[PDB]
Amino acid sequence: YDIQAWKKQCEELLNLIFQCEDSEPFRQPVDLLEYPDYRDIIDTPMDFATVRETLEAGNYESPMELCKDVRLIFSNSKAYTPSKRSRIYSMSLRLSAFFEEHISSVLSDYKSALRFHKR
Ligand SMILES: O=C(O)c1scc2c1OCCO2
(Lines give C-alpha, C1' and ligand atoms only; values in the text may rest on other atoms or scores of the structure.)
Protein backbone atom coordinates (compact mmCIF):
# COMPACT_ATOMS: atom_id res chain seq x y z
CA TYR A 1 0.00 0.00 0.00
CA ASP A 2 2.94 2.37 -0.64
CA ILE A 3 1.48 5.05 -2.98
CA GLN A 4 4.99 6.22 -3.95
CA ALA A 5 6.62 2.81 -4.62
CA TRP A 6 5.92 2.90 -8.36
CA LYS A 7 8.64 5.51 -8.95
CA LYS A 8 11.67 3.42 -7.90
CA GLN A 9 9.98 0.37 -9.51
CA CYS A 10 9.81 2.32 -12.80
CA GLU A 11 13.44 3.48 -12.37
CA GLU A 12 14.54 -0.14 -12.03
CA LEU A 13 12.43 -1.25 -14.97
CA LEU A 14 13.99 1.52 -17.08
CA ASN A 15 17.47 0.31 -16.00
CA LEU A 16 16.53 -3.20 -17.23
CA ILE A 17 15.23 -1.73 -20.50
CA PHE A 18 18.45 0.28 -21.03
CA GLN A 19 20.51 -2.90 -20.49
CA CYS A 20 18.46 -4.75 -23.09
CA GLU A 21 19.94 -4.70 -26.61
CA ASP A 22 16.45 -4.38 -28.00
CA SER A 23 16.15 -0.88 -26.55
CA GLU A 24 19.09 0.60 -28.50
CA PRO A 25 16.98 2.23 -31.26
CA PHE A 26 14.73 3.74 -28.63
CA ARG A 27 17.15 5.08 -26.00
CA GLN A 28 17.41 8.55 -27.45
CA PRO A 29 15.11 10.59 -29.74
CA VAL A 30 14.96 9.24 -33.32
CA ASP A 31 17.70 10.96 -35.33
CA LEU A 32 15.91 13.27 -37.75
CA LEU A 33 19.04 13.53 -39.94
CA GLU A 34 18.98 9.69 -40.33
CA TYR A 35 15.14 9.67 -40.85
CA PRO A 36 14.19 13.01 -42.47
CA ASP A 37 10.49 12.20 -42.95
CA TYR A 38 10.00 11.01 -39.34
CA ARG A 39 7.97 14.04 -38.24
CA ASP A 40 5.76 13.73 -41.34
CA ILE A 41 4.55 10.40 -39.88
CA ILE A 42 5.07 10.84 -36.13
CA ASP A 43 3.30 13.63 -34.25
CA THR A 44 4.83 13.02 -30.84
CA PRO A 45 8.30 11.52 -30.69
CA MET A 46 9.12 9.62 -27.52
CA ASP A 47 12.12 7.67 -26.30
CA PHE A 48 13.38 6.02 -23.09
CA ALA A 49 15.79 8.80 -22.10
CA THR A 50 12.87 11.27 -22.25
CA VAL A 51 10.76 8.89 -20.16
CA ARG A 52 13.55 8.50 -17.58
CA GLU A 53 14.19 12.25 -17.48
CA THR A 54 10.47 12.99 -17.03
CA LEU A 55 10.34 10.49 -14.16
CA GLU A 56 13.51 11.85 -12.55
CA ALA A 57 12.27 15.42 -12.88
CA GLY A 58 9.18 14.49 -10.86
CA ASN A 59 6.95 15.12 -13.86
CA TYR A 60 4.95 11.90 -13.74
CA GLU A 61 2.15 11.82 -11.17
CA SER A 62 1.43 8.08 -11.66
CA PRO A 63 2.86 4.97 -13.36
CA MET A 64 -0.11 5.14 -15.81
CA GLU A 65 1.34 8.39 -17.23
CA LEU A 66 4.78 6.75 -17.61
CA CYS A 67 3.09 3.74 -19.23
CA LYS A 68 1.30 6.00 -21.78
CA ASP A 69 4.67 7.48 -22.83
CA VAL A 70 6.41 4.11 -23.07
CA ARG A 71 3.48 2.78 -25.15
CA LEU A 72 3.94 5.83 -27.42
CA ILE A 73 7.54 4.69 -28.12
CA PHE A 74 6.09 1.40 -29.36
CA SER A 75 3.18 2.86 -31.30
CA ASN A 76 5.58 5.33 -32.99
CA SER A 77 7.75 2.38 -34.05
CA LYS A 78 4.72 0.59 -35.46
CA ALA A 79 3.54 3.70 -37.31
CA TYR A 80 6.97 4.48 -38.78
CA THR A 81 7.95 0.98 -39.80
CA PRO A 82 7.81 0.31 -43.55
CA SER A 83 7.30 -3.38 -42.73
CA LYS A 84 5.98 -5.53 -39.90
CA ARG A 85 9.13 -7.65 -40.45
CA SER A 86 11.58 -4.72 -40.06
CA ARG A 87 14.49 -5.10 -37.65
CA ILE A 88 13.71 -2.05 -35.48
CA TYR A 89 9.98 -2.85 -35.33
CA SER A 90 10.75 -6.47 -34.36
CA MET A 91 12.94 -5.13 -31.51
CA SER A 92 10.06 -2.88 -30.42
CA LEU A 93 7.65 -5.82 -30.24
CA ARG A 94 9.96 -7.84 -28.01
CA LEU A 95 10.69 -4.85 -25.84
CA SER A 96 6.96 -4.07 -25.57
CA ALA A 97 6.24 -7.63 -24.38
CA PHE A 98 9.04 -7.32 -21.82
CA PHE A 99 7.75 -3.92 -20.67
CA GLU A 100 4.09 -5.05 -20.41
CA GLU A 101 5.15 -8.17 -18.47
CA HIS A 102 7.05 -6.05 -15.94
CA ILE A 103 4.74 -2.99 -15.70
CA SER A 104 1.60 -4.98 -14.87
CA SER A 105 2.43 -5.41 -11.16
CA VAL A 106 3.64 -1.80 -10.85
CA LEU A 107 0.23 -0.59 -12.09
CA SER A 108 -1.67 -3.12 -9.96
CA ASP A 109 0.25 -2.24 -6.78
CA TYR A 110 -0.18 1.48 -7.40
CA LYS A 111 -3.93 1.18 -8.02
CA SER A 112 -4.31 -1.06 -4.95
CA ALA A 113 -2.40 1.42 -2.80
CA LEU A 114 -4.54 4.33 -4.02
CA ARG A 115 -7.76 2.41 -3.37
CA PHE A 116 -6.49 1.64 0.17
CA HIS A 117 -5.74 5.33 0.66
CA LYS A 118 -9.28 6.31 -0.42
CA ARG A 119 -11.08 3.57 1.60
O1 LIG B 1 13.81 1.89 -40.09
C2 LIG B 1 12.88 1.10 -39.62
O3 LIG B 1 12.60 0.04 -40.12
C4 LIG B 1 12.18 1.57 -38.41
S5 LIG B 1 10.92 0.62 -37.72
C6 LIG B 1 10.66 1.74 -36.44
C7 LIG B 1 11.52 2.78 -36.52
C8 LIG B 1 12.40 2.68 -37.64
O9 LIG B 1 13.45 3.54 -37.84
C10 LIG B 1 13.45 4.69 -36.93
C11 LIG B 1 12.89 4.42 -35.56
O12 LIG B 1 11.56 3.83 -35.64
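Nothing fancy with the numbering, it's 1 onward along the sequence. Quick note: numbers below take in every heavy atom, side chains included, and nothing from hydrogens, waters or symmetry partners.
Legend: residues meeting salt bridge (charged side-chain N to carboxylate O under 4.0 Å, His left out) with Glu100, ordered by chain and number and at least two apart, are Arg71.
Hydrophobic clustering of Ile, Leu, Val, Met, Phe, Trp and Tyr side chains at less than 4.5 Å, counting indirect connections, keeps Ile73 apart from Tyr89. Placement of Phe116 and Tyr110 in two distinct hydrophobic clusters is found when ILVMFWY residues are connected by side-chain heavy-atom separations under 4.5 Å, directly or transitively.
Applying the 6.0 Å contact sphere to CD of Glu101 captures more than 12 heavy atoms from other residues, nucleotides or ligands. In the displayed structure, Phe18 atom CZ is contacted under 6.0 Å by more than 12 heavy atoms of other residues, nucleotides or ligands.
Looking at heavy atoms from C-beta onward, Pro63 lies in side-chain contact with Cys10 at the 4.5 angstrom threshold. You'll find the side chain of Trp6 stays beyond 4.5 Å of the side chain of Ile103, heavy atoms only. Between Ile41 and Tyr35, every side-chain heavy-atom pair lies at or beyond the 4.5 Å cut-off. With a 4.5 Å cut-off on side-chain heavy atoms, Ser23 and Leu95 count as touching.
The stretch residues 17-34 participates, sequence neighbours left out, in these salt bridge (charged side-chain N to carboxylate O under 4.0 Å, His left out) pairs: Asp22-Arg94. Among pairs with a residue in residues 36-53, those fulfilling side chain to side chain donor-acceptor pair (under 3.5 Å) read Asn15-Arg52, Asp37-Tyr80, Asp47-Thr50, at least two apart in sequence or across chains.
A side-chain donor-acceptor contact under 3.5 Å links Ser75 to the backbone of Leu72. Side-chain N or O atoms of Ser108 include one that pairs as donor or acceptor with a backbone N or O of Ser104 at under 3.5 Å. With hydrogens and angles disregarded, no donor-acceptor distance shorter than 3.5 Å links the side chain of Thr81 to the backbone of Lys78.
When all heavy atoms of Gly58 and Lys7 are compared, the pair lying nearest together is CA-NZ, 4.2 Å. Closest approach of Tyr60 and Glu65 over heavy atoms only: CA-OE1, 3.4 Å. The shortest non-hydrogen separation linking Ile42 to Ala79 is CD1-CB, 3.7 Å. Taking every heavy atom of both residues into account, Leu33 and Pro36 meet most closely at O-CD, 3.9 Å.
Of the residues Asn76, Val70, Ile88, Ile17, the one that meets the side-chain contact (heavy atoms from CB on, under 4.5 Å) test with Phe26 is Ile88.
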